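Q: The file below is data-v1.csv, CSV, C-alpha atoms and all ligand atoms:
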```
chain,number,residue,atom,x,y,z
S,1,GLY,CA,59.8,105.8,108.8
S,2,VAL,CA,62.6,103.2,108.5
S,3,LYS,CA,62.1,99.5,107.5
S,4,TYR,CA,63.0,96.9,110.0
S,5,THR,CA,62.9,93.1,110.3
S,6,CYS,CA,62.3,91.0,113.4
S,7,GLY,CA,65.1,88.8,114.6
S,8,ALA,CA,62.9,85.8,115.5
S,9,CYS,CA,59.7,85.7,113.3
S,10,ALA,CA,61.5,87.6,110.4
S,11,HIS,CA,58.5,89.9,109.9
S,12,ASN,CA,59.1,93.2,108.1
S,13,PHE,CA,57.6,96.4,109.5
S,14,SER,CA,58.5,100.0,109.9
S,15,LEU,CA,59.5,102.3,112.8
S,16,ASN,CA,59.1,106.1,113.3
S,17,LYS,CA,61.6,106.8,116.1
S,18,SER,CA,58.7,106.8,118.6
S,19,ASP,CA,57.7,103.2,119.0
S,20,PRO,CA,59.5,101.0,121.5
S,21,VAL,CA,62.2,98.7,120.2
S,22,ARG,CA,60.2,95.5,119.8
S,23,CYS,CA,58.7,93.3,117.0
S,24,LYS,CA,55.1,94.3,116.2
S,25,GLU,CA,54.0,90.7,115.6
S,26,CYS,CA,55.8,88.4,118.0
S,27,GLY,CA,57.2,91.0,120.4
S,28,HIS,CA,60.8,90.1,120.0
S,29,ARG,CA,63.4,92.5,121.4
S,30,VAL,CA,65.9,92.0,118.6
S,31,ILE,CA,65.5,93.7,115.3
S,32,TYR,CA,67.7,94.3,112.3
S,33,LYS,CA,67.7,97.1,109.7
S,34,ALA,CA,66.4,96.2,106.3
S,35,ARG,CA,68.8,96.1,103.3
S,36,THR,CA,69.0,99.4,101.4
S,37,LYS,CA,67.4,99.6,98.0
S,38,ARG,CA,70.5,101.3,96.4
S,39,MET,CA,72.5,99.4,93.8
S,40,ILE,CA,75.9,98.1,94.8
S,41,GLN,CA,78.7,97.5,92.2
S,42,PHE,CA,81.6,95.1,92.3
S,43,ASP,CA,84.6,94.5,90.0
S,44,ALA,CA,84.3,90.7,90.1
S,45,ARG,CA,88.1,90.4,90.8
K,1,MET,CA,82.4,76.6,101.6
K,2,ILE,CA,81.3,75.7,98.1
K,3,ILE,CA,83.2,74.0,95.2
K,4,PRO,CA,85.6,76.5,93.6
K,5,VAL,CA,84.9,77.4,90.0
K,6,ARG,CA,88.5,76.8,88.7
K,7,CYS,CA,91.5,74.8,89.8
K,8,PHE,CA,93.8,77.1,91.8
K,9,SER,CA,97.1,76.0,90.1
K,10,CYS,CA,96.3,75.3,86.5
K,11,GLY,CA,92.8,76.8,86.0
K,12,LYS,CA,90.7,74.0,84.7
K,13,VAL,CA,87.0,74.4,85.3
K,14,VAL,CA,86.1,72.0,88.0
K,15,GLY,CA,83.0,73.6,89.5
K,16,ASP,CA,80.7,71.6,87.3
K,17,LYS,CA,81.9,68.2,88.4
K,18,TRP,CA,80.9,68.3,92.1
K,19,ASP,CA,77.4,66.7,91.7
K,20,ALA,CA,78.9,64.1,89.3
K,21,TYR,CA,81.6,63.3,91.8
K,22,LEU,CA,79.1,62.9,94.6
K,23,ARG,CA,76.8,60.7,92.4
K,24,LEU,CA,79.8,58.6,91.4
K,25,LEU,CA,80.7,58.2,95.1
K,26,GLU,CA,77.1,57.1,95.7
K,27,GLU,CA,77.6,53.9,93.7
K,28,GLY,CA,80.5,52.9,95.9
K,29,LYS,CA,83.2,53.7,93.4
K,30,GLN,CA,86.6,54.5,94.9
K,31,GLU,CA,87.6,58.1,95.1
K,32,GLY,CA,90.5,57.6,92.7
K,33,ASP,CA,88.3,55.8,90.2
K,34,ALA,CA,85.7,58.6,90.5
K,35,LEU,CA,88.3,61.2,89.8
K,36,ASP,CA,89.6,59.2,86.8
K,37,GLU,CA,86.1,59.0,85.3
K,38,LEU,CA,85.9,62.8,85.6
K,39,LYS,CA,89.1,63.1,83.4
K,40,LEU,CA,91.0,64.9,86.2
K,41,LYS,CA,94.6,63.9,85.2
K,42,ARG,CA,96.8,66.5,86.8
K,43,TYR,CA,96.9,66.1,90.6
K,44,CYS,CA,96.2,69.8,91.1
K,45,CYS,CA,92.6,69.3,90.0
K,46,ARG,CA,92.5,66.0,92.0
K,47,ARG,CA,93.4,67.8,95.2
K,48,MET,CA,91.0,70.6,94.3
K,49,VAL,CA,88.0,68.2,94.1
K,50,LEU,CA,89.1,65.6,96.6
K,51,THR,CA,89.9,67.9,99.6
K,52,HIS,CA,86.9,70.3,99.3
K,53,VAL,CA,84.6,70.7,102.2
K,54,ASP,CA,80.9,71.5,101.5
K,55,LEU,CA,80.3,73.8,104.4
K,56,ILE,CA,77.4,75.6,102.7
K,57,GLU,CA,75.2,72.6,103.6
K,58,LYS,CA,75.6,73.7,107.2
K,59,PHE,CA,74.9,77.4,106.4
K,60,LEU,CA,71.6,76.4,104.8
K,61,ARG,CA,70.4,74.8,108.0
K,62,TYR,CA,69.8,78.1,109.8
K,63,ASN,CA,66.5,79.7,109.2
K,64,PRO,CA,66.7,82.8,106.9
K,65,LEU,CA,66.3,86.2,108.5
K,66,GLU,CA,63.8,87.3,105.8
U,1,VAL,CA,69.7,110.8,128.0
U,2,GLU,CA,71.4,110.6,124.6
U,3,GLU,CA,69.7,109.6,121.3
U,4,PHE,CA,70.7,108.0,118.1
U,5,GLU,CA,70.1,110.7,115.5
U,6,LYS,CA,71.6,112.4,112.5
U,7,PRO,CA,73.4,115.5,113.8
U,8,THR,CA,72.6,118.8,112.2
U,9,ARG,CA,75.0,121.4,111.0
U,10,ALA,CA,73.5,124.3,112.9
U,11,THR,CA,71.5,123.0,115.9
U,12,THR,CA,74.3,120.4,116.6
U,13,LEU,CA,77.9,121.3,117.0
U,14,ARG,CA,81.3,119.5,117.4
U,15,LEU,CA,81.0,118.0,113.9
U,16,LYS,CA,83.8,115.6,112.9
U,17,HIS,CA,85.4,116.2,109.5
U,18,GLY,CA,84.0,112.8,108.3
U,19,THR,CA,80.9,112.6,106.2
U,20,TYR,CA,77.5,112.4,107.7
U,21,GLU,CA,75.3,111.9,104.6
U,22,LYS,CA,75.5,108.1,104.9
U,23,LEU,CA,73.5,108.1,108.1
U,24,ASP,CA,69.7,107.8,108.0
U,25,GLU,CA,67.1,109.8,109.8
U,26,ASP,CA,67.7,107.7,113.0
U,27,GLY,CA,71.5,108.0,112.8
U,28,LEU,CA,72.0,104.3,111.7
U,29,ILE,CA,73.6,103.5,108.3
U,30,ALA,CA,71.7,101.0,106.2
U,31,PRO,CA,73.4,97.7,105.5
U,32,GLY,CA,75.0,97.3,102.1
U,33,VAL,CA,76.6,100.7,101.9
U,34,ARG,CA,80.3,101.2,100.8
U,35,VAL,CA,82.1,103.5,103.3
U,36,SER,CA,85.8,104.5,103.8
U,37,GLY,CA,87.8,105.4,106.8
U,38,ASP,CA,86.8,108.0,109.4
U,39,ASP,CA,83.2,107.9,108.0
U,40,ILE,CA,80.4,108.2,110.6
U,41,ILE,CA,78.5,104.9,111.0
U,42,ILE,CA,76.7,105.7,114.3
U,43,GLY,CA,75.5,109.2,115.2
U,44,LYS,CA,74.8,109.9,118.8
U,45,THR,CA,74.1,113.3,120.5
U,46,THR,CA,74.3,114.2,124.1
U,47,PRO,CA,72.5,117.1,125.7
U,48,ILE,CA,74.5,119.7,127.5
U,49,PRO,CA,73.8,119.9,131.3
U,50,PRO,CA,72.9,123.4,132.6
U,51,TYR,CA,70.1,124.9,120.2
U,52,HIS,CA,73.9,124.5,119.5
U,53,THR,CA,74.2,122.7,122.8
U,54,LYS,CA,74.5,119.0,121.8
U,55,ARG,CA,77.8,117.1,122.1
U,56,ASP,CA,78.4,114.8,119.1
U,57,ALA,CA,79.4,111.4,120.4
U,58,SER,CA,79.4,109.8,116.9
U,59,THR,CA,81.5,106.7,116.4
U,60,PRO,CA,83.5,106.9,113.1
U,61,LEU,CA,84.9,104.0,111.2
U,62,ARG,CA,88.5,103.1,111.7
U,63,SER,CA,90.7,105.3,109.5
U,64,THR,CA,92.8,102.4,108.3
U,65,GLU,CA,89.9,100.1,107.5
U,66,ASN,CA,87.2,100.0,104.7
U,67,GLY,CA,84.4,97.7,103.7
U,68,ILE,CA,80.7,97.4,103.4
U,69,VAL,CA,78.0,97.5,106.1
U,70,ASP,CA,77.3,93.8,106.5
U,71,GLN,CA,74.7,94.0,109.3
U,72,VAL,CA,73.0,96.4,111.6
U,73,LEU,CA,71.4,95.4,114.9
U,74,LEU,CA,69.1,97.5,117.0
U,75,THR,CA,67.9,96.4,120.4
U,76,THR,CA,67.6,97.3,124.1
U,77,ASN,CA,70.1,96.7,126.9
U,78,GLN,CA,69.3,95.3,130.3
U,79,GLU,CA,68.0,98.6,131.6
U,80,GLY,CA,66.0,99.3,128.5
U,81,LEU,CA,68.1,101.9,126.7
U,82,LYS,CA,68.9,101.8,123.0
U,83,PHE,CA,71.7,99.5,121.8
U,84,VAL,CA,73.2,99.3,118.3
U,85,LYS,CA,75.8,97.0,116.8
U,86,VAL,CA,77.2,97.5,113.3
U,87,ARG,CA,79.1,94.6,111.6
U,88,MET,CA,81.4,95.6,108.7
U,89,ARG,CA,82.6,93.1,106.1
U,90,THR,CA,85.6,93.4,103.9
U,91,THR,CA,87.7,91.2,101.7
U,92,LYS,CA,91.4,90.5,102.3
G,1,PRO,CA,97.1,134.4,128.7
G,2,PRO,CA,94.7,131.6,127.7
G,3,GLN,CA,97.7,129.6,126.6
G,4,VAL,CA,98.5,128.8,130.2
G,5,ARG,CA,95.3,127.1,131.1
G,6,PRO,CA,93.8,124.6,128.7
G,7,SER,CA,90.3,125.7,127.7
G,8,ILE,CA,89.3,122.6,125.8
G,9,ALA,CA,86.9,123.2,122.9
G,10,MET,CA,84.9,120.1,123.5
G,11,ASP,CA,82.1,121.5,121.3
G,12,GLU,CA,82.8,124.3,118.7
G,13,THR,CA,82.0,127.9,119.8
G,14,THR,CA,79.6,127.2,122.7
G,15,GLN,CA,82.1,126.5,125.4
G,16,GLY,CA,82.5,127.0,129.2
G,17,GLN,CA,85.7,128.0,130.9
G,18,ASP,CA,88.4,126.5,133.2
G,19,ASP,CA,88.1,126.6,137.0
G,20,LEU,CA,90.8,129.3,137.0
G,21,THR,CA,88.7,131.6,134.9
G,22,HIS,CA,85.7,131.2,137.2
G,23,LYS,CA,87.8,131.8,140.3
G,24,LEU,CA,89.3,134.9,138.7
G,25,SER,CA,85.8,136.2,138.0
G,26,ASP,CA,84.8,135.5,141.6
G,27,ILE,CA,87.9,137.3,142.8
G,28,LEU,CA,87.1,140.3,140.6
G,29,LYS,CA,83.6,140.4,141.9
G,30,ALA,CA,85.0,140.3,145.4
G,31,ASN,CA,87.4,143.2,144.6
G,32,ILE,CA,84.5,145.2,143.1
G,33,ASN,CA,82.3,144.8,146.1
G,34,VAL,CA,85.3,145.6,148.3
G,35,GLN,CA,85.9,148.8,146.4
G,36,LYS,CA,82.2,149.7,146.4
G,37,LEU,CA,82.1,149.5,150.3
G,38,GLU,CA,84.7,152.2,151.2
G,39,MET,CA,83.2,155.6,150.3
G,40,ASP,CA,79.7,154.8,151.6
G,41,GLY,CA,78.8,154.3,155.2
G,42,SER,CA,79.2,150.7,156.4
G,43,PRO,CA,80.6,148.9,159.5
G,44,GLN,CA,84.3,148.6,159.6
G,45,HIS,CA,84.3,145.0,160.8
G,46,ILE,CA,82.0,144.2,157.9
G,47,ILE,CA,84.5,145.8,155.6
G,48,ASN,CA,87.3,143.8,157.1
S,101,ZN,ZN,58.8,89.0,115.5
S,102,ZN,ZN,94.3,71.8,88.0
```
Please lay out the structure from this file as C-alpha cells.
A:
Amino acid sequence: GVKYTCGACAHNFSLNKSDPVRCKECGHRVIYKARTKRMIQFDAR
Amino acid sequence: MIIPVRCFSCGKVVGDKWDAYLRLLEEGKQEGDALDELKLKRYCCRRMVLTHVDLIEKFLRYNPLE
Amino acid sequence: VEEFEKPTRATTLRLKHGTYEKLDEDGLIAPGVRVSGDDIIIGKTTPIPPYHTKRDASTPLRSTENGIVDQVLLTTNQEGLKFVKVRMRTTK
Amino acid sequence: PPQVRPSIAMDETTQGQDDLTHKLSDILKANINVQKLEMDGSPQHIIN
C-alpha cells in the first residue's frame, strides 16, 4: 500500500496496514517512509 | 559544511578554488602563498577560503538510507 | 486501542479546522511535503468506550511554524504498540 | 439552564452529559416511581 525503507539494511518494500512493523528482509524494527514522488519547488533565494 | 559559492562580503566566486587550494597545500606551500597563487587579494576572500571547514567529508561517512 | 489512520468526514467526528488531505491512507504524511501552521501531520483516532464515535487525537503542526517534512519514522515502542516521529525542516 | 454546567463537546454532536444531568434523570425516575406507587395497592413501609 505505502512504500517503506528499512532503517538497517536500507531495503525498500511496501506495507498494507496489516503487516507487523518490521523489515521484510533483515527483520529490523525501525523503518522510514519513502520520499513522495510529487515535485517540490524552491525559489533559490 | 561545503565551500561557499561566493565571498560573503564582496561576492567573488570562490567555490571553484577549493580543490586547487588543497592541492597547493599538498606540496607544502604556505597558506598565504597558496592564497596568493589563487589571486585572492582582498582579505574577505582570504578569510572565506582559509577559515572554511569541510564538514561534508564527515557526513559522507555514514551509510546512505537508500 | 487507537490507530494511525486518515479520519473520515462522516464516520469520524471532532474534525479540526486544519486540512487533512496531506495525510496518506495510514495517517502519516510523506516526507518532502510543504505544509503550513495548524496542518495535520499525524492522524490518530480513539474508539469511544461504551460510526460517528471516534475521537480525533490528531496532532497538528505548530501554528507559528512552517517547513517541509524532512523525515518520517515508524516503529514499535517497548510494549509493541505503534510509534511515529515526524521531523520537520525549515530555513531561518 | 445548560449554561450552568459545562457540557463539553469533546466530539461534535455525539456527546454524553454531565454527572448533574444523569443524577437529575435518576431523581426524575425516582419521582416517577414514587408517584406511580400511591394510587395502587402497595405496602406503606415500601412506599416510605
Ligand atoms: Zn532491513
Ligand atoms: Zn571577497
Q: Need to verify the contact set: residue 15 (chain S), 8 Å, all atoms listed in the file, exclusion of same-chain residues closer than 4 positions in sequence. Can you return it as a VMD selection string?
A: chain S and resid 1 to 4 19
Q: What are the closest atom pairs, with distances in Å to one decimal, for all residues of chain U lying within 9 Å of chain S? Consider all atoms listed in the file, order rows by chain and residue number, and present the result as a Markdown table.
A:
```
| residue | atom | partner | partner_atom | distance |
| --- | --- | --- | --- | --- |
| U:24 | CA | S:2 | CA | 8.5 |
| U:25 | CA | S:2 | CA | 8.1 |
| U:26 | CA | S:17 | CA | 6.9 |
| U:28 | CA | S:33 | CA | 8.6 |
| U:29 | CA | S:33 | CA | 8.8 |
| U:30 | CA | S:36 | CA | 5.7 |
| U:31 | CA | S:35 | CA | 5.3 |
| U:32 | CA | S:36 | CA | 6.4 |
| U:33 | CA | S:40 | CA | 7.6 |
| U:34 | CA | S:40 | CA | 8.1 |
| U:71 | CA | S:32 | CA | 7.6 |
| U:72 | CA | S:33 | CA | 5.7 |
| U:73 | CA | S:32 | CA | 4.7 |
| U:74 | CA | S:31 | CA | 5.5 |
| U:75 | CA | S:30 | CA | 5.2 |
| U:76 | CA | S:21 | CA | 6.8 |
| U:82 | CA | S:21 | CA | 7.9 |
```
Q: Tell me, as a list in words, which residues lie within 10 Å of region 12-29 of chain G, counting only C-alpha atoms; anything in the same chain fewer than 4 positions away does not count.
A: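 Using only C-alpha atoms, the neighbours found are residues 12, 13, 14, 15, 52, 53, 54 and 55 of chain U; 2, 5, 6, 7, 8, 33, 34 and 35 of chain G.
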Q: Work out how far apart CA of residue 54 (chain K) and CA of residue 68 (chain U) are and give it in Å to one decimal.
A: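 Taking CA of residue 54 (chain K) as the start and CA of residue 68 (chain U) as the end point, the length is 26.0 Å.
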Q: Go through chain K and flag each residue having an atom no more than 10 Å from ligand ZN 102 (chain S); for those, report the closest pair of atoms plus their distance in Å to one decimal, using only C-alpha atoms and all ligand atoms, ordered by chain and rising number, as CSV.
A:
```
residue,atom,partner,partner_atom,distance
K:6,CA,S:ZN102,ZN,7.7
K:7,CA,S:ZN102,ZN,4.5
K:8,CA,S:ZN102,ZN,6.5
K:9,CA,S:ZN102,ZN,5.5
K:10,CA,S:ZN102,ZN,4.3
K:11,CA,S:ZN102,ZN,5.6
K:12,CA,S:ZN102,ZN,5.4
K:13,CA,S:ZN102,ZN,8.2
K:14,CA,S:ZN102,ZN,8.2
K:40,CA,S:ZN102,ZN,7.9
K:41,CA,S:ZN102,ZN,8.4
K:42,CA,S:ZN102,ZN,6.0
K:43,CA,S:ZN102,ZN,6.8
K:44,CA,S:ZN102,ZN,4.1
K:45,CA,S:ZN102,ZN,3.6
K:46,CA,S:ZN102,ZN,7.3
K:47,CA,S:ZN102,ZN,8.3
K:48,CA,S:ZN102,ZN,7.2
K:49,CA,S:ZN102,ZN,9.5
```
Q: To one decimal in Å, tell me the separation between CA of residue 41 (chain U) and CA of residue 19 (chain U).
A: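 Those two atoms sit 9.4 Å apart.
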Q: Within 7 Å of ligand ZN 101 (chain S), which residues show up when you count only C-alpha atoms and all ligand atoms? List them as a ChimeraX atom specification, please.
A: /S:6-11,23-28
